[PDB]
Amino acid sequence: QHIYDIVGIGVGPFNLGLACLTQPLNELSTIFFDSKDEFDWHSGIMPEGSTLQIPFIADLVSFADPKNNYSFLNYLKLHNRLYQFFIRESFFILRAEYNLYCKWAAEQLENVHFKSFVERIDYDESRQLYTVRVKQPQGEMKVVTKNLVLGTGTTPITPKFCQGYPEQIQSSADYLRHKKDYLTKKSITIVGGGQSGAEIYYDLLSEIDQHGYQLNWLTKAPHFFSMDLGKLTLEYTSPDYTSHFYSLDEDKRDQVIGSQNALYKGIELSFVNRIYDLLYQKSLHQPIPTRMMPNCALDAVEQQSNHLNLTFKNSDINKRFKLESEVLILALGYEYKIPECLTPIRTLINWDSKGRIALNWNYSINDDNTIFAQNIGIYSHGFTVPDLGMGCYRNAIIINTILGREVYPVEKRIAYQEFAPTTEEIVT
């Protein structure tokens, strides 16, 4: 019977930020649902000492309002860790601490409900009402709302040729769940040279002398490339660039986004460099039983005895080769999967030439501007669509759109670079 203004579907950092930023707005009735038991930010792939790769300003609220109660600094103040964090004097939060922080913020918000799987959404055009059915442990529930905000995140990619070997092939995302088993194996092969694979490789490399596994690491990319966090390149993480990229033609958007892996993927440079320093240190007396191979794409898997035969394609020599491995860790990246709850309103969503969800500038995905998208469409808003540092930018625009006024005024120019000439400098 109560009509919500917003239902958030999924509570990752982005919708959690939205809860924190709408909490102070008494005008808005909001509710949020997440299927997990409690907040968890990728803790299956979270070795001790792992950090976010961007500064702590990219918390749930501070880019929109440093005064908000759920800033990371206030969390630190309230948990007797503020002085300690600044003695540590790193801009990068420990991923475990970031988990504790978001858990704390999620726990303060009564309208944020975990153990809540959104299974179905329907729309009543006469009342402009979405009905959201949620499976909760005590049973199914119904809420109605004017606006939806989708924040269902992304999930590991598993190629179809890699399915059906649950005992031997696992995703990087579940690494800590299996590391104990991994340490007893004769051979471990990581596929994918991004940050996930790099952290797993460093973690296994650190312990390689205490066990008897061979440690292989392969990526199809032309090298184990570093993420380019050069500051002039960081200006692309900006309202400036977001707005510029969204204005671009659709094919141009795909080309540009295709060239930008080094802006937000790859390996953190200092981490790259720690891997090398560890290789140097452990090869002092005898060679390390480890192999690293760029330009190699896994394209086949077959069982044989009690190991896998992994077939790769070396793009440089254009040949295929086989390595044997007892376990295969896929660190192949994450992808957006459409939530099944959207199925009955699919005809309410706009789609582009290529059948992807089409976004408006303000992150709505329908003509009525009542369905908004968290972390959807790097092809539409650019490579910072998954960047925690642009989460406040997006939530502020969502909030401003829904309430129809500048609740959180958003910056328009923070970059010294210009990504286009003024309309008056163009030559006919």
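The first residue of the sequence shown is number 1, and the count goes up from there.
Comparing 73 to 81 with 320 to 328, the higher mean C-alpha B-factor in the PDB entry belongs to 320 to 328. Checked against the record, the higher mean CA B factor of 214 to 222 and 163 to 171 lies with 163 to 171.
Per the PDB entry, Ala300 shows the highest C-alpha temperature factor of the residues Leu279, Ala96, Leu176, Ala300. Per the deposited record, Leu248 carries the highest C-alpha B-factor of all listed residues (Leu248, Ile190, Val112, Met227). Among the modelled residues of its chain, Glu235 has a C-alpha B-factor that falls in the lowest third, as given in the PDB entry. Among the modelled residues of its chain, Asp65 has a C-alpha B-factor that falls in the lowest third according to the deposited record. Among the modelled residues of its chain, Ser29 has a C-alpha B-factor that falls in the middle third according to the deposited record. In the deposited entry, the Cα temperature factor of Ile371 sits in the middle third of values across the chain's modelled residues. Among all modelled residues in its chain, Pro156 ranks in the middle third by Cα B-factor.
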